[PDB]
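The next block holds one structure in the form of structure tokens; read it before the comments.
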Amino acid sequence: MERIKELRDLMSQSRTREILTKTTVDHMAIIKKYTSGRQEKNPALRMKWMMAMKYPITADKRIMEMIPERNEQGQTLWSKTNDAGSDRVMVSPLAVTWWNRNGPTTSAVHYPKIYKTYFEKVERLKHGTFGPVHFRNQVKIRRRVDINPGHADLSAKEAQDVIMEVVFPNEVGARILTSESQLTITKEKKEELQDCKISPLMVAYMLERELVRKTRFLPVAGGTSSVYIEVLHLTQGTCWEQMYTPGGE
Amino acid sequence: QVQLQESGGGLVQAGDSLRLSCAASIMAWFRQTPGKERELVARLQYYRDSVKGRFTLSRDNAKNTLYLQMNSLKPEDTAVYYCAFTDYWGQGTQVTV
Amino acid sequence: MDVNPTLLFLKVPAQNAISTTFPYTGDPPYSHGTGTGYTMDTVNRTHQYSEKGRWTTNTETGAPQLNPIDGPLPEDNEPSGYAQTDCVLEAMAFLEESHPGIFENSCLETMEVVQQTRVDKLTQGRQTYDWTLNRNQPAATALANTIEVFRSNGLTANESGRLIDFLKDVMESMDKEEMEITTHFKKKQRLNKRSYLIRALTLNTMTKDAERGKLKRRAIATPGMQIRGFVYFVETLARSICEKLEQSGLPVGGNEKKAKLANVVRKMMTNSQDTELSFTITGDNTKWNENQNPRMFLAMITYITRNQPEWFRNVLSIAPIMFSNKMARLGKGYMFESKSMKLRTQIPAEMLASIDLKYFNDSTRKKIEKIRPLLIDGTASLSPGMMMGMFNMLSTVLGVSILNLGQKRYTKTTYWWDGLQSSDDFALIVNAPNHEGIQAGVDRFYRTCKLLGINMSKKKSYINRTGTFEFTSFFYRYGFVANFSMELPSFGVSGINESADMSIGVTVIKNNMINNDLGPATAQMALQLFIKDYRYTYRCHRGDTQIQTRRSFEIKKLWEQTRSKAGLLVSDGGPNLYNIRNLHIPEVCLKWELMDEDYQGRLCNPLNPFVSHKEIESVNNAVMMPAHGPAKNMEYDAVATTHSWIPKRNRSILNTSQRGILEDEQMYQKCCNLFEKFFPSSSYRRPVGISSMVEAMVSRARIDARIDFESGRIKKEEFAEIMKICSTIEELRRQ
Amino acid sequence: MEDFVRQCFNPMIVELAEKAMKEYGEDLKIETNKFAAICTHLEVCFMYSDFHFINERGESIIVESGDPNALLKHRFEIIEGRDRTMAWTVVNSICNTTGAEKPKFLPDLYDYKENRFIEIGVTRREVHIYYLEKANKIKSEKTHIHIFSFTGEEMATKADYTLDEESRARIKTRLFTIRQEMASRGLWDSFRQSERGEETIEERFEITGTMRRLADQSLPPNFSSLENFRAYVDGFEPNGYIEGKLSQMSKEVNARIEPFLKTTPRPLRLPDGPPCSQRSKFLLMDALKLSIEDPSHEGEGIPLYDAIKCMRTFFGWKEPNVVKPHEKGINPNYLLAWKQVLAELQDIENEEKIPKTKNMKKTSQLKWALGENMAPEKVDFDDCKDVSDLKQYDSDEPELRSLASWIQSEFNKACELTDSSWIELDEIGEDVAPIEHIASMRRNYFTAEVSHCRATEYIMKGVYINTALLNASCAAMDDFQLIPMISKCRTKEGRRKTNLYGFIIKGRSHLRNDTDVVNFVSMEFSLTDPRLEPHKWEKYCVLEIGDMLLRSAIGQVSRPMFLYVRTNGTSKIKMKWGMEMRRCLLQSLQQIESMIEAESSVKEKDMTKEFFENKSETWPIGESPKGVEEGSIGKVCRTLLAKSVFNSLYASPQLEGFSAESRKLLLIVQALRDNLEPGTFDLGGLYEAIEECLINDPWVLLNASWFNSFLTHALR
RNA sequence: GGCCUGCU
RNA sequence: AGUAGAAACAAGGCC
């Protein structure tokens with residue numbers, strides 16, 4: 001109901017009507033990236049400079065109807081002045097902390113299921129067992145190794161169709177996945193995330209990260225396993241070796 | 001080319017009846033007078049309001065022939081009556097009430 | 001006793017303590033005003049290194065151009081751009097012979113990419129010179145403006161959605177009598193053929209800031225949008241070629257560079273017997289970009305693309321053809337001050353052609369006098385050579401050809417050489433039975449380099465025995481030695497957001513521990529200092545302290561409200577649980593089991609009004625410009641929390657005549673959000689097609705209402721309401 | 001033939017078919033019979049779908065015209081007439097909502113009763129072959145297929161015909177209308193067989209017009225056209241052309257190697273001129289501290305109250321008077337500013353609660369001291385052209401200045417120990433791995449070594465001052481603000497303490513660019529008389545403000561106590577980089593830990609404890625008139641920390657240039673000392689490159705002097 | 001005096 | 001004055 005209604009409201013005004021009519025689907029990306037905002041050259045300097053202002057961050061308009069304009073002593077939490085090239089409003093950082101102490105609460109039980117990679121890292125490290133540190137010269141030789149320890153033996157494009165069919169089943173188009181490994185992955189990640197309401201985009205991004213294999217060139221000495229490379233900073237050094245066995249093994 | 005032959009018409013009394021037919025070697029009847037325009041009679045059943053209940057259009061599909069029954073004719077129905085189909089028209093016949 | 005750190009080198013070798021010689025703890029030099037002086041100096045220097053060439057006047061642009069190719073051979077060691085066509089063609093032929101099938105294959109993959117590439121690939125670029133407004137703007141904005149102008153002028157082949165079609169339209173625009181542009185102060189202005197040619201062939205010049213390692217500032221250039229597609233295709237070909245060359249090091253990272261350097265030094269020295277001596281030259285090329293003539297790149301590519309479809313050759317040749325006629329905008333201008341009347345003034349650079357020379361000092365006066373003959377419509381012709389490393393990969397190809405030309409099969413002498421080339425820098429390992437052989441080999445290498453328009457900087461180069469050398473701030477001494485002073489500037493808060501900054505800092509510490517041999521205790525100290533700076537920057541202190549800030553009240557009440565305070569994030573005033581073992585874990589997941597369910601739910605709430613995600617590309621990618629290197633992007637692990645807000649924008653557009661761009665931004669974003677709600681996959685996979693917005697949106701409204709009734713909330717009343725509302729918007733689009 | 005589609009069919013269908021024509025990219029002028037055939041297919045699709053509605057039952061309601069109501073459901077909903085992307089969108093949506101099977105090709109319609117697809121195709125050939133043809137094209141299909149053909153016959157599997165027969169009579173009447181209308185037209189010479197499935201195209205990228213002429217002007221000097229040059233390139237083969245030009249090229253083009261021996265390198269020449277002055281934003285060696293011995297932590301507390309309490313701890317105030325003038329400014333303004341600061345400090349002391357941040361009055365005194373309303377007003381060139389004085393901004397090499405001995409002593413005392421701990425580090429996760437324990441022990445050793453160091457005190461001073469200045473500039477852009485220089489330490493006894501060096505008055509700070517300058521005036525207490533090294537205080541104004549009595553065995557000194565007052569400035573970049581001075585600790589201690597690890601790779605054991613306690617090994621860390629002096633590892637730590645701190649304090653382009661061009665020569669000298677037969681092509685050029693970076697910066701000149709001393713001691 | 005902006 | 005260094009800041013524009 002609503003969606004077509006703001007569609008009609010947009011088409012009511014002449015300029016947006018022209019934009020909707022003359023613009024083709026292919027140009028979607030271009031106009032979406034059409035912005036006057038330059039990409040910052042020195043982000044640290046301005047982040048240290050903007051945070052000294054009042055209302056340094058930006059938030060959706062809806063914040064004006066969930067968080068009061070001021071806190072107990074009267075420190076303002078949000079302003080009604082919109083951003084430069086968006087309908088979002090500039091708000092103070094307190095509106096963040098406020099949201100974490102009296103804002104609406106939900107059931108975050110499914111975030112562990114979504115962010116599978118990070119929670120698997122945490123579980124692997126929690127059950128790890130350290131050993132003695134041995135001091136001897138390490139011959140670090142540079143090798144190509146896979147960093148992602150949960151890659152399902154799929155490439156970027158190869159798993160992209162799987163991700164769409166898992167999250168966006170209707171926009172798949174011609175592709176119907178042939179490999180049965182992809183079939184089982186789709187089934188599992190479909191039944192697992194059937195009602196998760198985090199965001200389609202973040203779900204797709206994390207599925208891409210988990211399933212897609214990624215490789216990088218690093219100086220290693222021993223190890224060479226996927227689980228042993230994520231902790232390469234902790235097990236191998238310039239003149240010391242720290243024996244380690246992740247919780248998985 | 002497919003063409004239509006009107007039959008029927010002639011001079012007829014006020015309150016009297018006529019039978020028109022149209023043979024074809026959606027289908028219709030139409031009429032026209034001096035002083036006005038090409039005037040809608042009937043389609044096949046759909047009619048114009050001025051003509052309802054008085055005139056009954058019907059067809060045969062077997063011998064390719066449509067029929068207009070006109071009952072309770074009035075002076076204002078004096079016209080040339082034409083048939084047509086869906087693009088083509090007949091030559092028309094004159095009905096004088 | 002007087003303390004002197006440098007004396008420490010008397011006991012510790014120079015490379016083992018080279019980090020001490022990198023003052024990367026202070027503010028790097030910045031430029032303050034116009035870069036016009038540097039642009040003029042660079043143009044004059046590029047034109048006078050090729051003075052002995054031949055002059056001509058282009059019949060299209062009417063600008064004077066200098067061709068030094070096949071010019072007189074140099075008779076001095078000064079920089080020279082007199083490259084010889086036959087010599088470079090022979091070098092490329094030998095490169096092909098030593099690597100058969102390189103050019104044909106690379107051309108095949110490049111042909112595939114060119115004929116399947118899309119227009120949107122041009123949006124994935126940093127600032128570009130929009131000619132519609134004569135100023136630098138984001139790549140997407142400039143592309144959109146150029147497409148709009150083309151469509152308004154009648155060039156609508158780009159509607160096919162293909163980059164090749166966009167380039168076809170671009171070339172067709174060159175043969176138009178009169179184009180039309182828009183200006184706000186809206187006014188429609190007409191550009192004739194020559195003016196549009198110069199606007200499409202021109203470059204925008206700026207001054208490079210944050211450049212560490214030299215006393216003087218330099219100038220850099222940014223091209224337009226008409227020429228970026230050809231550049232993209234040419235660089236794709238060059239990258240595909242260099243990926244097949246082990247002597248190149250430009251298309252790889254740092255660790256790969258080190259590995260290849262070690263391999264080449266071991267190969268050269270190990271194969272050398274006791275009788276052969278080995279010497280390493282740590283060479284830098286003076287005026288690398290100013291001495292590379294685009295015509296020679298045209299020759300190299302046309303030799304590479306031999307026996308290929310003529311359309312491929314044409315599309316790959318268009319780029320150097322435009323660079324050979326490239327023009328450069330002088331710059332921002334010049335600012336004058338009058339102390340007697342106590343005022344200041346800013347004259348644009350376009351007045352340099354006619355403005356009197358009474359206001360300029362002797363140096364600038366002479367520079368303007370020398371560059372004036374080349375001024376055409378406020379821009380100077382820069383045919384002789386490249387401006388700033390636009391063809392990095394082709395230059396690397398030429399250098400690799402030079403390196404391979406001494407494989408001992410072409411030297412025809414006892415001496416021989418090899419090494420690694422990365423544009424403007426090289427390491428050359430030369431072996432020969434005696435010092436005379438080494439001298440002859442280096443002399444011939446230098447001479448051959450001078451025949452290709454490449455000069456070796458004698459002041460910044462030195463030769464020693466193999467085993468010790470330098471390459472792009474990587475010091476090799478019987479094995480590469482860590483520096484850690486190049487990455488020091490990256491140890492602070494990045495400046496993206498709270499969660500992003502935390503993750504980026506911990507990940508940078510981890511990486512520099514893995515690669516740059518950062519010590520454990522040093523890493524712990526870095527973690528402590530980073531946490532301190534992070535808390536002091538975001539006003540998020542431990543919460544149990546009495547440090548009054550603008551955010552210390554809400555943080556303190558959250559602290560007193562929470563029961564398990566060990567689960568609070570550092571952003572919310574909680575303790576830091578990070579350590580050397582936890583540097584690869586996001587903060588949210590490390591504290592997940594310690595958070596109270598109420599705070600956990602409030603933090604990671606999808607309905608939060610702060611989190612905003614635009615595209616799959618910008619989810620967890622942060623662009624950090626590294627010190628002493630080109631802009632780079634990093635993947636940082638982070639969980640989407642309420643702290644993932646995006647900061648405020650500039651907001652200074654409101655005082656400029658270009659104020660309508662914000663309204664267009666808002667309307668485009670509203671339409672894009674509506675489309676995304678209609679097409680959820682709009683962000684992850686960019687939609688493709690040739691239909692218009694409203695068609696897809698209305699038709700999908702039809703179908704989705706239908707099916708969501710066939711099972712879902714909709715009802716007949718609502719379904720029919722949607723159907724007739726779709727009809728209403730249909731008839732509205734009719735009129 | 002196109003005249004037929006001009007005449008008969010309605011607009012809607014003709015433009016739908018035209019967009020379907022554009023879909024796959026073939027042109028309509030070459031073959032139009034496909035257009036007519038597929039538009040008739042689309043027409044039968046409509047005429048079969050429309051006029052067919054359903055209500056809550058099955059048994060479709062058929063109405064010749066949809067009446068106004070919610071009962072406008074369509075019996076058959078069309079697939080084709082849409083783009084491929086949307087056709088597959090509808091296919092997938094139907095499959096996911098109907099739970100049916102996804103076909104591999106494009107259907108034409110969907111129906112509810114039987115909950116499935118219809119692929120309508122009316123071909124010229126008779127049905128009973130085309131049906132099974134398209135059937136074997138589609139794999140294992142449950143979608144029912146139904147086709148007509150011009151003769152008037154119908155067929156389907158299951159003997160199934162899904163709706164009314166009068167509609168099918170409609171279809172075949174339409175069909176024979178088409179047929180015996182082409183009869184009037186006469187198209188069957190090709191109508192039955194006009195499409196054979198042609199798909200081929202050649203990509204054409206032709207250079208022509210102006211862009212061709214440009215190609216003719218981008219060739220070597222003796223070429224006339226791109227065609228000729230490409231022909232020459234294709235016909236070119238290597239025939240020893242590099243050798244010919246190498247032989248013909250002049251022999252003066254050479255890269256002769258000049259041997260580098262012990263007697264080759266000469267000392268770097270230093271510039272001569274007036275002595276070098278002080279550039280720091282605060283006093284480093286001559287600072288004085290007023291303290292309270294409070295238990296508050298670094299950030300804990302309120303600045304103004306702490307400053308006032310510290311200042312009340314000192315007795316002996318005198319009416320201030322000029323001792324050493326600025327020599328270029330108006331010292332009475334500095335005097336009046338100091339008295340104003342004192343008066344307003346008392347004014348705060350009187351009132352109820354000390355404000356967290358105070359704003360000062362904008363008197364003419366600080367208007368001059370902060371440089372207010374001195375920027376020339378910006379105007380247009382067309383209005384100021386006849387002014388003779390109008391010229392460029394002064395752009396020349398900075399003034400030349402010779403090194404002085406004060407920077408050496410300042411660095412010497414910047415590496416000395418202190419009676420306080422100036423670093424209070426944060427918390428870290430409790431160490432769980434043995435390597436973490438080793439790291440923590442190492443870190444504790446270095447903290448014990450460097451905390452009691454003047455370099456750490458300077459780090460904290462700079463960080464706090466720059467943080468406060470940046471925050472005040474960003475918050476109070478317009479109005480002058482008072483900020484007391486505060487630094488909190490911990491005594492040997494363990495009691496925490498605060499220290500007040502002085503005050504900073506920040507001025508207007510409307511900073512837009514990263515290079516825009518915010519001016520402030522800094523006042524700092526000290527005891528060092530400025531009458532002994534005046535050249536070091538060229539830009540300072542120094543007053544006499546009191547007398548101090550520090551307990552000494554010589555009765556009690558009762559020394560004078562002066563106030564160094566000056567006008568200084570910074571910028572956003574400088575403030576940001578000065579507030580990250582803590583990474584000097586990193587740099588230094590990373591270097592020391594690299595030393596320790598490198599040495600411990602030799603002996604298979606951690607070597608930190610004996611390095612820090614036994615102090616047997618020592619490194620050359622300075623030279624005394626007797627000779628080179630070596631110190632323990634802790635002294636090396638402090639020396640490197642001081643070097644990094646001074647790099648961060650006296651940063652400048654000169655420093656970067658000298659560092660690079662002297663690291664080059666250092667590497668060459670190291671190669672010489674390693675017996676690696678180093679050689680150079682132009683050493684004079686390198687020397688000139690190094691010597692051009694030494695202009696007036698005290699730090700870079702001191703570094704150059706150190707480099708000369710290192711060369712003198714090396715090369716032996 | 002009143003109001004706008006701080007990478008456009 | 002001061003910062004800074006091959007050109008700039010020491011507020012800008014709009015009424």
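Note: Cβ is positioned from N, Cα and C throughout, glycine not excepted.
The annotation Mn(2+) 1 binding site is assigned in Swiss-Prot to D:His41, D:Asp108, D:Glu119, D:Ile120 on the grounds of sequence analysis. Here the Cβ of D:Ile120 (Mn(2+) 1 binding site) has 22 other Cβ atoms within 10 Å, regardless of which shown protein chain they belong to.
When Cβ atoms from all protein chains are considered, those within 10 Å of D:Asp108 (Mn(2+) 1 binding site) total 24, not counting its own. In the three-state DSSP assignment, the secondary structure recorded for D:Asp108 (Mn(2+) 1 binding site) is coil. According to Swiss-Prot, the Mn(2+) 2 binding site annotation covers D:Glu80, D:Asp108, on the basis of sequence analysis.
With a cut-off of 8 Å between Cβ atoms, the residues of this chain six or more beyond the motif 'Nuclear localization signal 1 (NLS1)' (D:124-139) that come close are 37, 103-105, 145, 147-151, 153-157, 191-193. Residues annotated as motif 'Nuclear localization signal 1 (NLS1)' in Swiss-Prot, with similarity to another entry given as evidence: D:124-139.
Per Swiss-Prot, the feature motif 'Nuclear localization signal 2 (NLS2)' maps to D:184-247; the stated evidence is similarity to another entry.
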What is the Cβ neighbour count of D:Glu80 (Mn(2+) 2 binding site) at a 10 Å cut-off, with all protein chains included?
19
Under a three-state reduction of DSSP output, how is D:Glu80 (Mn(2+) 2 binding site) classified: helix, strand, or coil?
coil
Hey, for the Mn(2+) 1 site built from D:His41, D:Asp108, D:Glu119, D:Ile120, who else sits with CB inside 8 A of the CB center?
D:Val44, D:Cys45, D:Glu80, D:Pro107, D:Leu109, D:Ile118, D:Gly121
Could you count the residues of the motif 'Nuclear localization signal 2 (NLS2)' (D:184-247) that DSSP puts in helix, in strand and in coil?
30 helix, 0 strand, 34 coil
Length of the line joining the Cα atoms of D:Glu119 (Mn(2+) 1 binding site) and D:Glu80 (Mn(2+) 2 binding site), in Å:
10
Using all protein chains in view, find how many other C-beta atoms are within 10 Å of the C-beta of D:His41 (Mn(2+) 1 binding site).
16
Can you grab the distance from D:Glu80 (Mn(2+) 2 binding site) over to D:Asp108 (Mn(2+) 1 binding site)? Cα atoms, rounded to a whole Å.
5
Reduced to three states, what secondary structure does DSSP give D:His41 (Mn(2+) 1 binding site)?
helix
Secondary structure tally of the motif 'Nuclear localization signal 1 (NLS1)' (D:124-139) (DSSP, helix then strand then coil):
11 helix, 0 strand, 5 coil
